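Below you'll find the structure, written out as structure tokens, and then a few comments.
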Number of protein chains: 2
Amino acid sequence: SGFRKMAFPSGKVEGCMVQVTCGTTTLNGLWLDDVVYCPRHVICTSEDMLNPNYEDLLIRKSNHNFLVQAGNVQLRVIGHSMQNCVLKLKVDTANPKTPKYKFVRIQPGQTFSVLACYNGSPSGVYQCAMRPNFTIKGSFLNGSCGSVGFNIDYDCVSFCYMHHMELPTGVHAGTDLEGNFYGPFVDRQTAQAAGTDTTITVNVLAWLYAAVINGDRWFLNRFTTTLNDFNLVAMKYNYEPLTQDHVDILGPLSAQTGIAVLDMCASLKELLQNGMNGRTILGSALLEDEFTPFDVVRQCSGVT
Amino acid sequence: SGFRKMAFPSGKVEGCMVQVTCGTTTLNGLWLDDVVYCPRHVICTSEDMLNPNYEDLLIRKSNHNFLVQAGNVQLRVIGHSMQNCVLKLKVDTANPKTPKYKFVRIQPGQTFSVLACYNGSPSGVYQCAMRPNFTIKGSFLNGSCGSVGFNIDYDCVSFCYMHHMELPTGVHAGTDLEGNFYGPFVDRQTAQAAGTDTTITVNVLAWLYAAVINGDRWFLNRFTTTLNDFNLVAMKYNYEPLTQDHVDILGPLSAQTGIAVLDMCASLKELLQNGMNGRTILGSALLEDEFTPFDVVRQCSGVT
Ligand SMILES: *CC(=O)NCc1ccc2c(c1)OCO2
Ligand SMILES: *CC(=O)NCc1ccc2c(c1)OCO2
């Protein structure tokens, strides 16, 4: 019993983190097979960042300008290319600790673990969600760029995020491992404002199910609702609309707890309208939206 | 910028987790050097758990009754002993992935990472605190016993916790790696009630400092207080008393932010008396007490 914001075990990803230096810029790279993936802004001065032309900056860079260190051993760079906003550095050594892996572009609402790294060295691991405005609310200091977000399916690491920048509001933007930013962000030190950070309704519902499973039931009410009625309330409260796809995804939690999805919706409706009245659910005074239905099933069933 | 509940990277501990089976009971063990440490209740039936005599139960057990599996390879058990509430299984192979390690008994308020494991396989990692009533609020299902709590100092894992049981209230109790329970708990399926789960005041203050550092300042007020005045309010609100030792520990955060500890105390006082008024601090609607001053310095400075 009990329900915790839980990251994936980080060992498989720890074994992939390296330091990438280009001139005076040091950040993290991800070493998979004989390729080191890192943010392309490794080639920039903080001056360059104001208005970088990456193709033009990259012309001035040779393989030997990319210093790649894995532990305290230097890797030989034998090729480099830009793919969108990441550099792929070909090295002469396959990472012997390469896990089975995929590159996946996640949808907003999807959760993943971040292994925060500095100089290629893991400092910590935490659980994040792709916000509906395609930001994440991370913990990233200067040097943390190239830290990666990931999910694990048994023995396969799906890399979904690489850290690139902090917006002036101190929320985070980055790319998939093909170098494509989540959302409209660019790797340039310019005014970039996030859109509305809406609540991930399907994640809140999952977490309400997690609460019932773990004995926190005080918020269960006598009401039901409809998707349309619920959605009017959701919209008013900057919650994402709930679709029948979301209702389908919650089916197993519905079945386990015997609480119809639309009944749990009506409970959430009353919580939005009435607030918590100083009460907590699973030790939180606000409605947690950084657990997916899959996350709740995983943690409640003990998947390894 | 940003501040996350952050666990230590788990790789060093993942490399130590094994499955221990005695008859029909399977749980996790920690393999360090040629010793596998696991909860002594591995020898119990759920019937035994009602009133176990462990010395008497252990007489019926030989080395070959302890089945130790590391990945999908069996370790040979060549000795076993009971130390308090843990078994030490001597194996003929030193764990080749043994990190530098210590066994440490932590104080209440102290935070650590848990690597939740089932059948010796890591499922997840989360950050905990030893509650002032010597419980922890974990996420543990049947099979999770022998999962360990730890801190990392650069390359040295300090193991502080091994999971043993869930109280009827669904909070958790366990031992240090010498097998001594935190608090008054016993490895017996009997009524065991926790004492008052008070708030770890020094941890709240650290986290208020973390909030100021990361730009959340709305709660800073125009007041100061004294340790005695603050403590009267703290006591009333089931907060632990603040000592001069706590004030000393917060000194560096005080210095970094230019906010005197007693001023931050007066801010916390007003938050207790006035509540959050629907506002959040670092994305929380309640005052977080599971970051130590050391945790706040570490995450705010990016230690690896
Ligand atoms: C996010 C990141 O690490 N990018 C590279 C970088 C940015 C700013 C900065 C440093 C590195 O070092 C000091 O300041
Ligand atoms: C906490 C733990 O894993 N202890 C051993 C154990 C207790 C209950 C239980 C099982 C193992 O398997 C099923 O139920």
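What you see of chain A is 3264-3567, where the numbers are those given in Swiss-Prot.
Cβ coordinates are placed from backbone N, Cα and C, and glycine is handled just like the others.
As given in Swiss-Prot:
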ACT_SITE  A:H3304  active site, for 3CL-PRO activity
ACT_SITE  A:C3408  active site, nucleophile
CROSSLNK  A:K3268  ubiquitin cross-link
CROSSLNK  A:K3353  ubiquitin cross-link
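Here the Cα atom of A:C3408 (active site, nucleophile) is found 19 Å from that of A:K3353 (ubiquitin cross-link). On a Cα basis, A:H3304 (active site, for 3CL-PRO activity) lies 32 Å away from A:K3268 (ubiquitin cross-link). Using a cut-off of under 8 A between C-beta atoms, the recorded positions A:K3268, A:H3304, A:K3353, A:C3408 that neighbour chain B are A:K3268.
With a CB cut-off of under 6 A applied against ligand 1, the recorded positions A:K3268, A:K3353, A:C3408 are reduced to A:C3408. Put simply, A:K3353 (ubiquitin cross-link) is 17 Å from A:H3304 (active site, for 3CL-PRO activity) when counted between their Cα atoms. With a 10 A radius on its CB, A:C3408 (active site, nucleophile) counts 26 other CB atoms from all the protein chains. Note on the recorded positions A:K3268, A:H3304: the fewest other CB atoms within 10 A surround the CB of A:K3268. In this structure, A:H3304 (active site, for 3CL-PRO activity) is part of a helix by DSSP. DSSP assigns A:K3353 (ubiquitin cross-link) to a strand in the three-state reduction. Of all Cβ atoms in the protein chains displayed, 17 besides its own lie within 10 Å of the Cβ of A:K3353 (ubiquitin cross-link).
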